[PDB]
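To begin, one chain is listed below as structure tokens, in the form deposited without the partner chain.
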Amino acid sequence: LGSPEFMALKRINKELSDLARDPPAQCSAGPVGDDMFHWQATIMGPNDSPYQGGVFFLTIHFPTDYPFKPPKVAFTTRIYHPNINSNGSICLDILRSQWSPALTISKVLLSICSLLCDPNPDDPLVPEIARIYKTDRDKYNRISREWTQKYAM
């Protein structure tokens, strides 16, 4: 008899190797405290974003039935962004109802990086920030830059 977490563990180990060997630009991730199901990721703020210069940390919890359910992913660095709330929750469809077992943590991290460079104001977790992104982009840029300075340095 195997452990019920055998297929998830096998899958997470493979994803860890793939991520290690070819990470999405400016990302890294892996187990914290030797728990294969609890990782931390780091995203360096993309050069084309007002997040440039920043280091952003995220917590990833994989479910026991990975890859048949999505990982839980949250920022733990504060970030000013229409699609990321103060709890660090991320508005990404594939982390909600659109997960597929074909997707991987590398794909999630690549999608998050893409979001930082290109917010989706039509899908807002923080409507006020979406409205500012759309109507007063210079203000959004400078507040994003200020928070990067205060929280991600």
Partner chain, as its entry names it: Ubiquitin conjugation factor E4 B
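Numbering follows the first chain given and starts at 1.
As for the form deposited with the partner chain bound, it is not shown, yet the points below apply to it.
Mapping the unseen interface onto this chain, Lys14 counts among the residues with a heavy atom inside 4.5 Å of the partner chain in the bound PDB entry. In the bound PDB entry, the partner chain sits within 4.5 Å of a heavy atom of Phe68.
Looking at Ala152, you'd find every heavy atom of it more than 4.5 angstroms from the partner chain in the bound PDB entry. When the partner chain is considered in the bound PDB entry, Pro101 lines it closely, a heavy atom lying within 4.5 Å.
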